[PDB]
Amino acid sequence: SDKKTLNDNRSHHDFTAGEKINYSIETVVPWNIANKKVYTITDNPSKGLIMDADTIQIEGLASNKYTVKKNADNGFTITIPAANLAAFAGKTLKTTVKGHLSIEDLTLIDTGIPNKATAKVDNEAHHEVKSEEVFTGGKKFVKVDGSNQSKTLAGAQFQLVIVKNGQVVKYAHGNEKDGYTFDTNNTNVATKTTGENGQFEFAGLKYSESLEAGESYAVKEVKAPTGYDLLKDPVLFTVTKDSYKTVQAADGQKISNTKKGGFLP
């Protein structure tokens, strides 16, 4: 019978926003397809998952034999004239496609997000199939005074980076909606600014266990709060299942700052 498979040979199915996720959809083509009019595959991703309609490939069927339409729920419909499937009667059609996570609702962090699809022959639907669920994580932080950790600080700016071997090796770009990329370009870096409550966060990150060997996430201060010294070194953090959703923002990881003298205007 029909199936949709997440192609991910790990015990944990965590992804960073924007990373490609590989799926296979297998749908039965009936014995009598040649006597039908149309074969439809509709993909209905759960909220947070975007299907990349440009990546669809159907084994044994050229792109000029079917139509792909992108839909409002961020999935798609494949429409195949039944005559084009005559050689597939009684066999399984294999469609491959990619998706990616794009988070517009932060309540989706640390929740399982499946893909779903339904094949239909003329008006008669097959049962909906679902893939395994994918997840994305995050981390919350609070900028505070190092000698009075109850005092939260406005105006700090922090970049998201990756450290390895005692150095910053990669800089993040993007965000949990648009997706992240990480490379050696220290410009247009993903940055957050604190308000009076000191809070900031980075959401839509895969778990630290999924980073390359030796890598850690870190946040790098690039503007100090008023009256404080810019930190010398990045601040390491860990992302795990539920590290984001189980803490209120005011209970984020505390980052200490030290006061500094002023200047004469």
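In case it trips you up, residue 1 is the first one in the sequence shown, and so on.
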item: Of 93-101 and 140-148, the stretch whose C-alpha atoms average the higher B-factor in the entry; value: 140-148
item: Mean temperature factor over C-alpha atoms, higher-scoring stretch between 150-158 and 84-92; value: 84-92
item: Given 175, 184, 131, 111, the residue at which the Cα B factor reaches its maximum; value: 184
item: Largest Cα B-factor, entry values, listed residues 77, 74, 165, 193; value: 165
item: Lowest, middle or highest third - CA B-factor, residue 242; value: highest
item: Ranked C-alpha temperature factor of residue 25 among modelled chain residues, by third; value: middle
item: Chain third (lowest, middle, highest) by recorded CA B-factor, residue given as residue 13; value: lowest
item: Residue 117 CA temperature factor, ranked by third within the chain; value: lowest
item: Chain third (lowest, middle, highest) by recorded CA B-factor, residue given as residue 202; value: lowest
